[PDB]
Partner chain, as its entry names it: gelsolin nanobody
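For reference, the chain that follows is the form solved without its partner chain, supplied as structure tokens.
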């Protein structure tokens, strides 16, 4: 047509919360800094790139599991064809700030149960 004014679709994005005391679960949550808590880990899946983030008060078990979830998306869902970027509070890649916007101060979240 003569005039193309409708925005194109952008790549699907997902965010997982990686949380637990010793039984650690990955739960899909809304893609927003409001999902983030400094007590847990988060996996921001941007398709060809996956951002693995752990908070300063995340526990060992969560950090281990975050590695498994990112690798698992890459390997089981992307056929190995994706880049994992590991970051932490305050070291987030620009690509993650582009998606989530400027980073606010983050709360601790709920104790793991």
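Residue numbers count along the first chain shown, from 1.
The same protein has a further form, the form deposited with its partner chain bound, not shown here; the description that follows concerns it.
Q: Taking its partner chain as it sits in the deposited bound form, is residue 83 near enough to touch it, meaning that at least one heavy atom pair lies within 4.5 angstroms?
A: Result yes; residue 83 sits at the interface with its partner chain in the deposited bound form.
Q: I'd like to know if residue 89 sits close to its partner chain in the deposited bound form, meaning any non-hydrogen atom pair within 4.5 angstroms.
A: Contact with its partner chain, no.
Q: Are any of the heavy atoms in residue 104 no more than 4.5 Å from a heavy atom of its partner chain in the deposited bound form?
A: Outside the cut-off, so no.
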